[PDB]
Amino acid sequence: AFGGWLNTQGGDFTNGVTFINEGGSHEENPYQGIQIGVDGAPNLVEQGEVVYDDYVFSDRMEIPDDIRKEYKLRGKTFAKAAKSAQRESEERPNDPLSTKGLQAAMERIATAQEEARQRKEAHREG
Amino acid sequence: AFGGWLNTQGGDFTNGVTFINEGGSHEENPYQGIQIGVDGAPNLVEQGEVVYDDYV
Amino acid sequence: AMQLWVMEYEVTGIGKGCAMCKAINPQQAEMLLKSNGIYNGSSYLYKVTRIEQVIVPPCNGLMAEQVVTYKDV
Amino acid sequence: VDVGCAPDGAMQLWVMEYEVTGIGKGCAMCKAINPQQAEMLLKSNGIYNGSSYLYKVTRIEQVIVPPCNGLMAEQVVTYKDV
Amino acid sequence: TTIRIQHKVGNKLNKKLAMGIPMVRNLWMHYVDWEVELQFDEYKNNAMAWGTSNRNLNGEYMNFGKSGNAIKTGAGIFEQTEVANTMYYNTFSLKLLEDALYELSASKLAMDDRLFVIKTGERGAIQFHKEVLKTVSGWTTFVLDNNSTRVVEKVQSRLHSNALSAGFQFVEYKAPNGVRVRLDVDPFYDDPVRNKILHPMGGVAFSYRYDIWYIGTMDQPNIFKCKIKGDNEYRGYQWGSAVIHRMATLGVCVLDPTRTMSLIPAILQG
Amino acid sequence: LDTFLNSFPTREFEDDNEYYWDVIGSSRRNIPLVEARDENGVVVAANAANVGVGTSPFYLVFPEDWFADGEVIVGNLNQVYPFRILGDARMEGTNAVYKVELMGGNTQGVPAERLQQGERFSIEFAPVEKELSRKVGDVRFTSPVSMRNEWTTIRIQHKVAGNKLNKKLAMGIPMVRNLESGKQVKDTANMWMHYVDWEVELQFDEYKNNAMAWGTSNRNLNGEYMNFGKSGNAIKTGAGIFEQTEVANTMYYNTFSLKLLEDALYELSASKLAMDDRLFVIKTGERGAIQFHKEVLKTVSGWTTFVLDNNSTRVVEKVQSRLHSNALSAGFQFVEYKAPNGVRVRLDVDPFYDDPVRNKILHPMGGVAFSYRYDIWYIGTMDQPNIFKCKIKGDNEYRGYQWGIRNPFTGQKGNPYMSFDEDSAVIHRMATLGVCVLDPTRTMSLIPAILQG
Amino acid sequence: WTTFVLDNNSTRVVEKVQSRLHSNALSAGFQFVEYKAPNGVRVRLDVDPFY
Amino acid sequence: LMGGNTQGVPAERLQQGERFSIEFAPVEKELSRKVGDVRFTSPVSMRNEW
Amino acid sequence: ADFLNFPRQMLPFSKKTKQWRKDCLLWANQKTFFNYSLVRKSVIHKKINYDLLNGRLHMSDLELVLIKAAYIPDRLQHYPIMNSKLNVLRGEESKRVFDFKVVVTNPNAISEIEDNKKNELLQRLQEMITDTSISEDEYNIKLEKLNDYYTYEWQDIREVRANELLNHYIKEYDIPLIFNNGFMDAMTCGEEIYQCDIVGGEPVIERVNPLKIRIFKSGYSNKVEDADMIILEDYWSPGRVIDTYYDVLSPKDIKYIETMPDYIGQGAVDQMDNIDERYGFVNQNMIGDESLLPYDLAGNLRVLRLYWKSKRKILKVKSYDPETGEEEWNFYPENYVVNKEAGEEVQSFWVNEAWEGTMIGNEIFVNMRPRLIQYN
Amino acid sequence: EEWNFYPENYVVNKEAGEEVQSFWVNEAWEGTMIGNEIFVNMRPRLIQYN
Amino acid sequence: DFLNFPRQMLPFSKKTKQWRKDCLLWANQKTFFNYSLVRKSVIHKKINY
Amino acid sequence: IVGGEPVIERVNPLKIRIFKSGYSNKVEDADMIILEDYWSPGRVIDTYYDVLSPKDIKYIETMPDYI
Amino acid sequence: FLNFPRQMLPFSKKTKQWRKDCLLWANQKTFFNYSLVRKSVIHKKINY
Amino acid sequence: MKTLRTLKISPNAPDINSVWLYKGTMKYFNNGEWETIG
Amino acid sequence: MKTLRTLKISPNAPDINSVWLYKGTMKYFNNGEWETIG
Amino acid sequence: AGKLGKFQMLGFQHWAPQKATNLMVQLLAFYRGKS
Ligand SMILES: [Mg+2]
């Protein structure tokens with residue numbers, strides 16, 4: 001399926017990043033999403049958003065330029081930013097340094113998404 | 001990282017002298033320094049100062 | 001496979017030329033020019049004018065000279 | 001091939017191009033002991049050895065004799081070059 | 001077309017041997033499994049592309065085999081594509097190429113699909129540069145500057161601060177009504193064993209050949225290689241001595257040869 | 001000169017004997033024609049009629065048995081006159097004659113002008129029928145010839161008295177050292193023997209590096225060595241870097257011309273190097289770059305179809321100064337020529353070419369004559385080191401002292417084993433060394449003729 | 001119209017293209033499609049395959 | 001004369017002012033004996049007054 | 001040939017693209033005429049050793065020959081008196097004891113880090129059993145199943161697993177036979193080599209034929225592990241290349257497996273279409289009067305695996321614990337940005353990385369990537 | 001995520017997130033020829049040693 | 001010599017009964033090379049037996 | 001110490017130069033011991049990864065291909 | 001250099017070039033030892 | 001027809017698109033030959 | 001070898017690097033003097 | 001505008017030291033056959 005997985009030498013080796021494709025958007029899919037799990041119980045995602053460690057990187061927002069220069073992002077979207085920092089550990093899922101290189105880089109795009117979320121929430125009420 | 005260490009033969013050998021660099025002063029830092037330890041609990045050091053045996 | 005032959009030829013309408021072959025008799029040196037020369041597709045353009053063998057015991061001497069002037073063209 | 005000439009004993013064959021300044025270009029073939037001697041034969045035994053300063057030699061390249069038959073060297077000075 | 005090879009012998013040379021002697025100033029074991037599978041690989045490459053038909057207009061073959069049956073050989077790529085839009089020039093001129101490409105495109109092509117890729121040799125790419133350069137030399141209405149063409153640009157060098165470069169090559173010409181004529185080099189036109197007539201401007205005189213395959217769009221391939229389903233290549237070993245037989249059938253097909261235009265120098269004809 | 005020699009790698013060898021490396025050509029070849037005979041064996045001349053007029057057999061005499069039983073070979077006009085061979089070669093002594101009829105449907109015959117001596121013939125393919133087909137064709141191979149080089153053994157010697165063991169230098173003038181650079185550097189070591197073994201490893205670095213670079217092989221045309229040592233054996237010398245590089249691409253000149261540097265770097269790498277592999281980087285002197293700058297300046301002045309603006313070449317740049325409100329500067333140089341079809345030429349001025357201590361002939365345009373020499377050391381990539389420094393595995397230089405009662409170098413007072421009875425200590429050091437250039441055709445040079453070859 | 005120098009920078013008659021043959025590869029070609037006469041007149045074209 | 005040279009050096013290369021420098025000091029393989037030697041140099045000084 | 005090198009390995013990981021890995025394998029196919037090492041004999045010297053044990057006398061080995069027809073009036077009969085000596089030693093190696101157990105070397109050395117990782121395990125086992133047990137019916141059964149693991153230790157759990165893997169696969173694979181054939185390769189070559197990798201998701205061990213492994217770039221090491229570049233060349237079944245590589249083969253590549261025509265594209269043809277004449281030259285240190293084609297007359301496939309140590313840029317990062325004033329060190333890849341204003345200092349290192357690749361036949365380029373089993 | 005291996009007859013259940021990829025794998029087949037006119041059991045071998 | 005077997009990259013529908021019979025008329029009267037890569041010849045083994 | 005941890009090797013007796021021992025049967029009495037070997041390029045980077053400069057990695061990288 | 005560079009030094013004068021001049025000496029003048037309790041290398045190599 | 005912009009002072013021949021000046025005579029390139037002015 | 005891009009019609013000598021045009025002549029700078037053509 | 005002979009191709013009928021390189025050397029002064 002190639003999305004965040006390396007299916008070589010007979011086995012299914014992953015780094016944790018969950019590329020969720022083939023669904024469609026939340027309005028295009030009749031189930032309003034993918035429903036990856038029952039935990040909120042309807043955890044719904046779309047064709048673009050990507051999950052690492054139960055944190056969903058949304059594909060609908062964009063990258064503000066003040067949030068781009070600090071934390072040093074590469075993509076134009078928060079989902080596309082996590083789709084670039086995993087490119088080392090996509091081909092090396094079992095490495096000790098690429099695991100630490102992934103968990104550190106996914107924590108930056110996590111805290112970059114929350115600062116864009118908190119700034120949008122503060123600007124909407126104002 | 002070369003500050004008071006000898007990273008040689010794959011190991012990290014130090015003499016205890018800790019070069020607390022690359023952060024900045026107490027005023028230009030957002031967290032007022034580097035905050036190496038919690039003991040007064042906000043124990044702050046800057047880019048220039050150097051500690052030995054918890055004496056700065 | 002015996003001797004060496006230095007030739008002065010004149011390509012008609014195009015210009016002059018100098019050459020050097022290795023042949024047993026100087027008619028065969030014209031064969032190795034008319035068939036292996038640069039004007040193979042126009043092999044009738046060669047009009048050779050002087051063939052002389054490389055006679056060694058001088059070993060310091062010109063064997064072919066051919067200048068092209070500004071008034072010949 | 002120990003005939004008795006200056007560079008180590010063997011005969012050396014050279015191809016020379018030039019451009020006679022104000023007159024045109026040409027080809028030249030010579031046996032010589034040095035490539036300096038090859039351009040001193042054009043200034044001595046050439047066509048324009050009287051006006052010896054007009055010879056501007058631009059290439060002096062050696063021919064090595066092959067084992068068997070074949071066209072060794074060729075040089076064309078065409079009219080549209082001149 | 002059907003081709004066969006053999007070799008009477010195992011890793012060692014045999015009676016057909018050649019030596020290469022270079023002229024400098026001071027003057028293993030052959031893998032017979034690999035030369036037979038290479039010099040039959042090139043027997044099929046010459047049969048597919050450089051093939052000749054030996055049939056009448058009456059259908060009869062003319063050349064008979066060792067068993068009395070007729071040798072069936074079909075035409076190659078360079079014999080099927082040399083039946084239409086093929087010209088033999090003595091001197092290259094853009095007056096002939098920009099007009100032959102236009103009348104082929106004034107009567108066959110719409111104005112958007114007029115992209116002609118000249119697949120030519122290496123020395124024929126220099127011949128295409130110099131004759132576009134003489135065409136630009138006669139465009140005296142527009143003066144050409146280094147600001148647009150940039151034949152003299154600035155590169156960084158240690159020797160001088162303001163250090164220039166020089167060099168350019170025309171590789172395209174755009175005739176009126178949108179005839180865009182590109183250029184690339186196939187390496188097989190400079191083939192020193194196959195091409196024996198030498199051109200006066202350096203090369204092997206087959207490099208100076210311009211071939212326009214792929215005229216327009218078709219909705220299918222025009223030129224392709226034919227093959228038999230299953231496995232059409234054979235092999236065989238006859239032991240005494242050991243004779244490494246191989247046999248194969250092949251074919252090429254040009255559906256519309258009026259959709260292939262070629263320029264050959266006239267010294268390679270007749 | 002030593003920085004230039006360390007830009008080449010080093011190979012390790014087992015012996016000091018001769019070493020050889022074997023070069024190879026192609027397996028594909030065309031064969032020149034000798035003679036063509038008609039149906040009954042009568043030779044065809046140029047003023048004759050056509051030969052294979054009604055698909056009638058005829059002959060082709062070739063100087064070597066190269067072609068096979070049922071192949072199709074072609075003349076100078078490929079695919080127009082296809083010649084199917086009939087039967088194996090009949091050997092007329094060394095030659096080979098084939099029975100041959102036309103193949104590609106030709107019903108008028110081959111012209112008599114297409115069957116002359118000198119015409120080349122190459123194999124295309126070997127066709128058969130569909131039914132009851134018999135064996136045809138053959139397979140050809142190719143062979144290696146060898147190249148050859150050998151080694152050169154140098155030596156040094158210096159003698160001091162035994163009085164100089166710990167002789168302190170009371171420096172009236174400060175004692176200087178000779179550097180490898182040529183500079184006299186100052187030193188402050190008060191002992192004399194520090195300036196004795198430093199000038200003998202200065203000098204041994206100068207002896208090796210002139211033997212590796214500047215070599216003269218003294219093997220004769222008859223394979224003999226005429227220069228004999230003091231003991232009676234032959235002093236054998238192997239070629240250096242600058243003798244192995246000139247054996248293939250010999251080129252000499254008086255007047256530099258760019259048209260012959262560009263049409264000879266394209267003749268050798270015509271269809272053998274790819275379009276990205278034709279970067280030819282010229283090593284030259286400082287004055288060789290000025291001569292190269294003028295000839296590109298003379299070349300782009302012939303490009304009259306283009307005009308060369310100030311706005312792009314920037315030969316008159318604006319500068320700021322107190323003398324004027326809009327003050328100008330001036331100066332330009334041509335350092336790169338891009339030939340047609342991917343060939344580029346770049347200048348690398350190296351300080352080795354301008355050394356006036358070894359280079360003594362001056363050029364008429366100033367500077368040493370060795371500055372105007374253009375060398376393209378590396379043409380393309382080779383998959384193995386083309387130029388490398390041959391060094392023997394294990395032959396460390398024998399530091400060897402014979403001495404008497406004192407040794408001023410090692411500093412030994414009192415000797416148990418005496419060579420002789422005098423206050424002396426001599427150094428003897430010697431090195432067996434050579435170089436090798438595998439492909440001197442991958443290296444194009446351009447030498448001024450005033451160096452006299 | 002020799003009163004005006006018509007340089008190649010404005011018309012882009014010869015314009016640079018990217019090919020594997022050369023790092024600085026050039027093209028050629030142009031076509032006059034329109035001629036604005038004096039006093040308000042413009043002359044355009046409409047090339048029809050009917051003609 | 002090394003380099004294998006048989007026909008000697010011309011007499012126009014052997015005149016006054018022709019400069020000569022050390023290249024190297026070659027010996028044979030079997031049973032060599034001592035060659036070559038080592039050179040030294042020394043500086044100068046200057047002066048001034050009031 | 002006539003143009004290649006080994007590609008530059010001091011690159012960032014983004015520049016090691018699909019062609020760069022393909023250039024490494026196309027270089028590996030060049031070095032197949034050659035097998036030279038500092039502590040190995042030649043392949044001809046090894047292959048003459050085996051055929052003395054398989055009953056072949058090569059008459060060009062014991063003397064100069066001044067034949068090729070197999071008759072003792074012109075040849076020599078061979079009498080296998082060496083086999084009965086080596087068959088004693090491989091009959092005894094089977095009968096020695098095979099109790100190869102993962103042991104804790106210091107079984108009374110329990111640390112706080114070994115105490116922390118044990119508590120993370122039993123908390124994770126406690127988190128599972130609340131989900132599996134449905135409202136106290138078998139929660140008291142799952143509790144007593146893990147109560148006896150409170151007396152275990154962390155080195156005991158890791159020794160239980162490491163023995164539970166080895167006890168199963170010695171009894172499944174018959175690993176005692178593998179080392180018994182590999183002993184026979186060691187008394188004949190002097191070289192005993194084994195490969196362990198993952199195929200089909202399960203681990204496997206196989207003895208490498210010493211006539212088919214090229215151990216490059218070692219440092220007079222007795223060990224084979226210390227090599228930088230290993231090429232394993234063999235002729236596989238077409239079923240084995242789908243037994244191994246089914247999950248990475250494209251539908252283009254299974255048409256080359258099915259219909260397999262002769263090719264010359266394997267580095268023989270250059271970019272300017274030149275054919276390389278030094279491919280059709282096999283050596284005589286590698287073959288003799290007793291190898292590069294993509295397939296065999298038995299209908300097999302040539303599979304060429306290259307293992308090379310590429311170089312990787314990593315970063316050594318010095319940070320501080322927030323709670324205690326203790327410097328700490330970590331290793332991060334080159335795409336890690338250091339969080340300054342935390343005292344975070346960085347130094348960049350270049351570091352080995354085990355890369356692999358596989359060329360099946362002439363076209364099929366498979367598993368060109370960093371080797372996912374890094375023996376870290 | 002969980003992985004399953006289905007034959008080509010199985011249609012992909014999209015809109016629930018199923019991504020598919022198509023592999024070619026081995027299959028043990030069997031057949032018997034008795035005499036020359038009897039052809040029997042030309043089928044996949046029914047003991048699949050999976 | 002090569003083991004020319006029929007085409008196996010088919011869908012399961014196109015493995016019809018003539019295809020299975022064509023795969024099984026590949027085993028009748030075939031002659032091959034006498035000894036395989038790891039096994040001696042049959043005329044060798046019958047001499048031993 | 002190699003790789004942070006202790007390691008033990010046996011030394012090839014032909015590839016060790018023991019200087020300045022005073023007629024002593026041991027080797028630890030020596031004042032100058034030189035071990036010259038031909039290490040692999042992978043063992044240079046195992047042992048000296050933290051002390052090689054990026055210039056020195058290039059010299060390991062630009063070494064000529066003697067395979 | 002003449003001998004091994006002067007070891008009777010203060011620790012601050014043992015700079016980057018003093019250590020390199022020591023190590024360059026071992027590259028050059030350390031091949032020939034009159035070992036007092038060892039055999040020659042050519043003698044030991046014959047024994048192996 | 002053909003517009004020339006350059007006048008060269010050279011004893012040798014210039015390029016064909018530039019006017020030859022040499023010691024008192026003027027030549028210009030027309031129809032493959034050097035046509036003199038006088 | 002010495003290009004003269006411009007031509008200046010003036011009764012005085014205009015410049016070294018331009019071609020002087022008078023009534024019935026056309027002079028140019030050569031050998032340090034003005035040489036007329038024809 | 002002229003060539004010069006840099007190689008010559010003859011048949012075999014027209015006719016151990018240490019090794020510098022162990023592989024063969026393809027010269028530039030040779031034509032290479034074209035596939
Ligand atoms: Mg056509």
# chains A, B, ... in the order shown; residues from 1 in each chain; ligands from 1
$ residues_around --residues "residue B:18" --least-positions-apart "2" --cutoff "12 Å" --atoms "only C-alpha atoms" --output "VMD selection string"
(chain B and resid 1 to 6 13 to 16 20 to 21 36 45 47 to 56) or (chain I and resid 318 to 320 325 to 328 343)
$ write_last_selection --atoms "C-alpha atoms" --output "mmCIF file, in the first residue's frame"
data_model
loop_
_atom_site.group_PDB
_atom_site.id
_atom_site.type_symbol
_atom_site.label_atom_id
_atom_site.label_comp_id
_atom_site.auth_asym_id
_atom_site.auth_seq_id
_atom_site.Cartn_x
_atom_site.Cartn_y
_atom_site.Cartn_z
ATOM 1 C CA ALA B 1 30.140 19.662 21.514
ATOM 2 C CA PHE B 2 33.695 20.575 22.623
ATOM 3 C CA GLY B 3 32.829 22.459 25.805
ATOM 4 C CA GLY B 4 34.934 20.951 28.573
ATOM 5 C CA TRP B 5 34.660 17.431 27.118
ATOM 6 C CA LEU B 6 36.916 15.018 25.249
ATOM 7 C CA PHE B 13 34.975 11.848 28.865
ATOM 8 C CA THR B 14 34.674 15.009 30.961
ATOM 9 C CA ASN B 15 36.555 16.634 33.824
ATOM 10 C CA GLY B 16 33.458 18.234 35.365
ATOM 11 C CA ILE B 20 27.313 26.511 29.319
ATOM 12 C CA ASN B 21 27.324 28.189 25.890
ATOM 13 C CA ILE B 36 20.291 23.688 33.671
ATOM 14 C CA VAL B 45 22.853 30.213 33.623
ATOM 15 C CA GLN B 47 26.056 31.757 27.473
ATOM 16 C CA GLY B 48 29.196 33.036 29.181
ATOM 17 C CA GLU B 49 29.222 31.507 32.641
ATOM 18 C CA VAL B 50 30.875 28.192 33.510
ATOM 19 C CA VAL B 51 30.111 25.883 36.451
ATOM 20 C CA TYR B 52 32.220 23.429 38.448
ATOM 21 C CA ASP B 53 30.712 21.300 41.262
ATOM 22 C CA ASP B 54 27.482 23.364 41.171
ATOM 23 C CA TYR B 55 29.433 26.621 41.644
ATOM 24 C CA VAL B 56 29.077 29.102 38.795
ATOM 25 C CA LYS I 318 24.522 18.019 23.807
ATOM 26 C CA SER I 319 21.521 19.053 25.887
ATOM 27 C CA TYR I 320 20.684 19.435 29.568
ATOM 28 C CA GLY I 325 22.094 19.858 35.826
ATOM 29 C CA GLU I 326 23.548 16.885 33.957
ATOM 30 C CA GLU I 327 24.792 17.081 30.383
ATOM 31 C CA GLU I 328 23.492 14.375 28.069
ATOM 32 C CA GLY I 343 21.875 25.197 25.594
#
$ residues_around --residues "residue F:237" --least-positions-apart "2" --cutoff "8 Å" --atoms "only C-alpha atoms" --output "number ranges by chain"
F: 150-153, 215-219, 235, 239; H: 26
$ atom_distance --atom1 "atom CA of residue L:49" --atom2 "atom CA of residue M:12"
26.9 Å
$ residues_near_ligand --ligand "ligand 1" --cutoff "6 Å" --atoms "only C-alpha atoms and all ligand atoms" --output "ChimeraX atom specification"
/E:81-86,257-258,260-261
$ atom_distance --atom1 "atom CA of residue A:42" --atom2 "atom CA of residue A:62"
24.6 Å
$ residues_around --residues "residue M:28" --least-positions-apart "4" --cutoff "10 Å" --atoms "only C-alpha atoms" --output "VMD selection string"
(chain F and resid 396 to 397 399) or (chain M and resid 23 to 24)
$ residues_around --residues "stretch 82-85 of chain A" --least-positions-apart "4" --cutoff "8 Å" --atoms "only C-alpha atoms" --output "list in words"
residues 50, 57, 74, 75, 78, 102, 105, 106 and 109 of chain A; 335 of chain I
$ write_last_selection --atoms "N, CA and C atoms" --output "compact mmCIF listing (two decimals), in the first residue's frame"
# COMPACT_ATOMS: atom_id res chain seq x y z
N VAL A 50 -2.74 12.81 8.00
CA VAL A 50 -1.78 11.78 8.37
C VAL A 50 -1.63 11.78 9.89
N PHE A 57 -2.32 15.19 11.64
CA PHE A 57 -1.83 16.39 10.97
C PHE A 57 -2.82 16.74 9.86
N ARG A 74 9.05 22.33 5.73
CA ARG A 74 9.35 22.21 4.31
C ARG A 74 8.12 22.16 3.42
N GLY A 75 6.99 21.67 3.91
CA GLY A 75 5.80 21.59 3.09
C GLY A 75 4.93 22.83 3.17
N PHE A 78 0.37 21.35 6.76
CA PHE A 78 0.77 20.60 7.95
C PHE A 78 0.76 19.10 7.71
N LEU A 102 12.48 10.86 14.01
CA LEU A 102 11.08 11.00 13.66
C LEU A 102 10.26 11.55 14.82
N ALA A 105 11.00 15.23 15.23
CA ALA A 105 10.49 16.09 14.16
C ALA A 105 8.97 16.11 14.13
N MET A 106 8.32 15.03 14.56
CA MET A 106 6.86 15.04 14.61
C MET A 106 6.36 15.84 15.80
N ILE A 109 6.16 19.54 14.43
CA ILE A 109 4.99 19.80 13.61
C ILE A 109 3.71 19.66 14.43
N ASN I 335 18.60 15.72 9.36
CA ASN I 335 17.39 16.53 9.20
C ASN I 335 16.81 16.97 10.54
$ residues_around --residues "residue E:109" --least-positions-apart "2" --cutoff "12 Å" --atoms "only C-alpha atoms" --output "PyMOL selection string"
(chain E and resi 101-107+111-116+177-179+215-218+259) or (chain G and resi 49)
$ write_last_selection --atoms "N, CA, C and O atoms" --output "short mmCIF file (atom, residue, chain, number, x, y, z; two decimals), in the first residue's frame"
data_model
loop_
_atom_site.label_atom_id
_atom_site.label_comp_id
_atom_site.auth_asym_id
_atom_site.auth_seq_id
_atom_site.Cartn_x
_atom_site.Cartn_y
_atom_site.Cartn_z
N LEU E 101 9.73 20.49 -44.98
CA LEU E 101 8.95 20.31 -43.77
C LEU E 101 7.67 21.12 -43.80
O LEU E 101 6.72 20.80 -43.07
N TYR E 102 7.61 22.18 -44.61
CA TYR E 102 6.39 22.98 -44.64
C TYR E 102 5.34 22.37 -45.55
O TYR E 102 4.16 22.33 -45.18
N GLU E 103 5.73 21.90 -46.74
CA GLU E 103 4.76 21.30 -47.65
C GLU E 103 4.26 19.96 -47.13
O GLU E 103 3.15 19.55 -47.46
N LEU E 104 5.07 19.27 -46.32
CA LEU E 104 4.57 18.11 -45.60
C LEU E 104 3.60 18.53 -44.50
O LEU E 104 2.75 17.73 -44.10
N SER E 105 3.71 19.76 -44.00
CA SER E 105 2.83 20.22 -42.93
C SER E 105 1.76 21.21 -43.41
O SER E 105 0.85 21.53 -42.64
N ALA E 106 1.86 21.71 -44.64
CA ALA E 106 0.77 22.50 -45.20
C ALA E 106 -0.36 21.64 -45.73
O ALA E 106 -1.46 22.15 -45.95
N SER E 107 -0.11 20.34 -45.93
CA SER E 107 -1.10 19.44 -46.49
C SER E 107 -1.46 18.27 -45.59
O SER E 107 -2.31 17.47 -45.96
N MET E 111 -2.00 23.24 -37.11
CA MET E 111 -0.94 24.19 -36.77
C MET E 111 -0.31 23.91 -35.42
O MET E 111 0.81 24.37 -35.16
N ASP E 112 -0.98 23.17 -34.54
CA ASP E 112 -0.40 22.90 -33.23
C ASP E 112 0.54 21.71 -33.24
O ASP E 112 1.56 21.73 -32.54
N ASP E 113 0.24 20.67 -34.02
CA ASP E 113 1.07 19.46 -34.03
C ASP E 113 2.06 19.49 -35.19
O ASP E 113 2.09 18.63 -36.07
N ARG E 114 2.94 20.49 -35.14
CA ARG E 114 3.96 20.70 -36.15
C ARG E 114 5.35 20.67 -35.53
O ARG E 114 6.23 21.45 -35.89
N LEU E 115 5.56 19.76 -34.59
CA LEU E 115 6.84 19.61 -33.92
C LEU E 115 7.63 18.51 -34.61
O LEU E 115 7.24 17.34 -34.57
N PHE E 116 8.76 18.89 -35.22
CA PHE E 116 9.58 17.96 -35.99
C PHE E 116 10.90 17.77 -35.27
O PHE E 116 11.70 18.71 -35.17
N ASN E 177 4.50 29.75 -39.81
CA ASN E 177 3.34 28.90 -39.55
C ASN E 177 3.67 27.77 -38.57
O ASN E 177 3.11 26.68 -38.66
N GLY E 178 4.57 28.03 -37.63
CA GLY E 178 4.72 27.17 -36.47
C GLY E 178 5.51 25.90 -36.67
O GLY E 178 5.37 24.98 -35.86
N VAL E 179 6.32 25.80 -37.71
CA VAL E 179 7.12 24.60 -37.95
C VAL E 179 8.33 24.69 -37.02
O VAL E 179 9.30 25.39 -37.31
N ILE E 215 5.98 11.53 -37.26
CA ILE E 215 5.31 12.70 -37.82
C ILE E 215 3.87 12.73 -37.32
O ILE E 215 3.09 11.82 -37.60
N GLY E 216 3.53 13.76 -36.55
CA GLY E 216 2.18 13.91 -36.05
C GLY E 216 1.86 12.97 -34.90
O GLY E 216 2.75 12.42 -34.24
N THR E 217 0.57 12.80 -34.66
CA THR E 217 0.05 11.82 -33.72
C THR E 217 -0.88 10.87 -34.47
O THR E 217 -1.55 11.27 -35.42
N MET E 218 -0.91 9.62 -34.03
CA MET E 218 -1.55 8.56 -34.80
C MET E 218 -2.72 7.89 -34.09
O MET E 218 -3.70 7.55 -34.77
N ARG E 259 4.62 9.10 -43.27
CA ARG E 259 4.81 9.77 -41.99
C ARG E 259 6.22 9.56 -41.47
O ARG E 259 6.43 9.41 -40.26
N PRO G 49 -8.49 27.66 -42.49
CA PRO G 49 -8.28 26.50 -43.38
C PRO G 49 -9.29 26.40 -44.51
O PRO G 49 -9.14 25.52 -45.36
#
$ closest_residue --among "D:34, D:62, D:75, D:52" --to "residue C:11" --atoms "only C-alpha atoms"
D:75
$ interface_residues --of "chain P" --to "chain D" --cutoff "6 Å" --atoms "only C-alpha atoms" --output "PyMOL selection string"
chain P and resi 1-5
$ write_last_selection --atoms "N, CA, C and O atoms" --output "compact mmCIF listing (two decimals), in the first residue's frame"
# COMPACT_ATOMS: atom_id res chain seq x y z
N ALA P 1 42.46 20.32 -41.28
CA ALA P 1 41.31 19.59 -41.80
C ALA P 1 41.72 18.22 -42.30
O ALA P 1 41.29 17.79 -43.37
N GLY P 2 42.53 17.53 -41.52
CA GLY P 2 43.01 16.22 -41.92
C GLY P 2 43.27 15.34 -40.72
O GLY P 2 43.62 15.82 -39.64
N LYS P 3 43.10 14.05 -40.92
CA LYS P 3 43.27 13.08 -39.85
C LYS P 3 44.75 12.76 -39.68
O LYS P 3 45.63 13.38 -40.28
N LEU P 4 45.03 11.78 -38.83
CA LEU P 4 46.34 11.15 -38.73
C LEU P 4 46.10 9.79 -38.11
O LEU P 4 45.26 9.65 -37.22
N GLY P 5 46.83 8.79 -38.60
CA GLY P 5 46.62 7.42 -38.16
C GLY P 5 47.07 7.24 -36.72
O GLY P 5 48.26 7.43 -36.41
